[PDB]
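First the structure, in the form of structure tokens, and then the observations on it.
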There are 2 protein chains.
Amino acid sequence: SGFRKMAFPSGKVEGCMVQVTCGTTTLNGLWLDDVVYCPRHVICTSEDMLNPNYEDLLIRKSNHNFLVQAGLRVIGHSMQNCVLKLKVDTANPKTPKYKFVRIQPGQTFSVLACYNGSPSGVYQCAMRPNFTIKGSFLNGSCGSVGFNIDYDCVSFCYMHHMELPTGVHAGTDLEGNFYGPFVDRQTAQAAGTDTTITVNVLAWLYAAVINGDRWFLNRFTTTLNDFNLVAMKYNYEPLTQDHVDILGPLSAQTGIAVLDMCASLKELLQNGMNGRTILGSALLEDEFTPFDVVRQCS
Amino acid sequence: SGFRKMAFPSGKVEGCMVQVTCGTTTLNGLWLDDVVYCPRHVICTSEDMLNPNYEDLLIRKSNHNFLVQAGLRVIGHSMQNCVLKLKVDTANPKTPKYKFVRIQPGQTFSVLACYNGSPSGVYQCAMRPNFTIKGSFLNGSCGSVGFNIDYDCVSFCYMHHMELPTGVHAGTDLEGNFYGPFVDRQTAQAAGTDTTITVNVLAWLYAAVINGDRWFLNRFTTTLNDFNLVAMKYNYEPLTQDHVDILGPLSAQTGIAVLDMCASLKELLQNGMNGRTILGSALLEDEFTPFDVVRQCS
């Protein structure tokens, strides 16, 4: 027993991390086969960032303007949305089986935080409903990636680009499309309103029951519609029958019906914990998906 | 910015994990050079565990009684305290630069949770003052290891053996010596009284200030002796001048004197948070060492 925020083993991704330098800027790149992927803002100076014409700035750059270090001669350079793709003369012999996926809000992934092409740590993040993540990133961490491992395949889903002034993080998929409304320009930007990921809080209450914390259970049940009236008041996402179906494996492992767990969540929202804790927390946790609970508890 | 519980990159350790089976029992082993290390209780049946004479049980075993799978012929077997060392016919070609260290209570490490010799996840643990850890381990996770990475060397410090009925975990160093009073016998055992790791809570308050949470700061200071009268009342470890010295780098990064931070901790202990949070927590966190904060924030 025990329930912890757990990252995927990072070995397969560690062998893909390289350092990319353009001008005075140094950040990380992801080396897969003979291509190094990194944030396109690596080509910008601070003055360029105020109003960058990335097409014109990329035209001015040549292959020799990119210094790529793995522990690599750049033979081509191109841009795909907000990512730069540097074709190199050597295929990464450590390239794992991989896919690029654009993940949905509410889903989790592991981040391999890197500096100067060297991995420093690994931790889990959820993609918030407002398309930000709450991670740990300093200057130089750009190009660090988020991923999931499914069977024997690394699914890359995130590349780091920036921190918003609210202290949350933003970036793109590996095709260079930002998650959320964000742009790679030095202009005022703000994330939209966030909400709590209801299906994840229910998954974490199931994790709590599996791991011996049951005090919040009650004899009551609710309808999906009545629960959603409370979710709205507390800025929790509406729960759908699809969310109920996704929680099915947890309902079977514990024998507790999803709508019965919804009545527990209703009481916690309205009354709080009265000084008690759930899995070592005094607040409700929403960064574990139902699959995260199933995989960890199985 | 941002502050997260971060594990070390696990690649170097992933290549060392193997599966060890003896009789009906399957657990994990650590393969370094031509030796596989695992918990000696792998040789016991459930009846043997009630009162095992490990010396006699090991004498009855032969090399062919151990099935070692990496993804290995056992040519020798011996016991060192509570670890079994299976000499194998093949040196691990993925053996990293490593050391075996016995860590001190209050220190942290990364755990690579494994099942059937396959890594499943990685997360940080602190060795509690009562020599237990609060992890996530199921049946089959025995032999999973804890480690730190220092420069380019893996320092192994923990091997998993058991869960106590309070839901906390216990194990040994890589020389087979248990942390704490625990024994590998099926007899009633209980951890001693735990306490909160004061120097770690102060490190996490410094992490909070570095990351923008400053509401708990006040104009007051305390003496080390006056602070320790409050620490005693709240079951916090006494703070020493050595702890004050260890916090020096954090005091320099923030410009906040250690005894000034001790006055903040005193107010939090006596009055609580009044519904506020620190780094996304409604409780005081003690599983980050001062070095964990320095390495993550630098």
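Residues 3264-3334, 3338-3564, in that order, are what chain B shows, numbered as in Swiss-Prot.
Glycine is no exception: its Cβ is also placed from the backbone N, Cα and C atoms.
If you compare B:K3353, B:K3499 in Swiss-Prot, the ubiquitin cross-link annotation sits on B:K3353. The DSSP secondary structure for B:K3353 (ubiquitin cross-link) is strand.
When each of the recorded positions B:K3268, B:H3304, B:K3353 is scored by how many other Cβ atoms sit within 10 Å of its Cβ, B:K3353 comes out lowest. Cα separation, B:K3353 (ubiquitin cross-link) to B:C3408 (active site, nucleophile), rounded: 19 Å.
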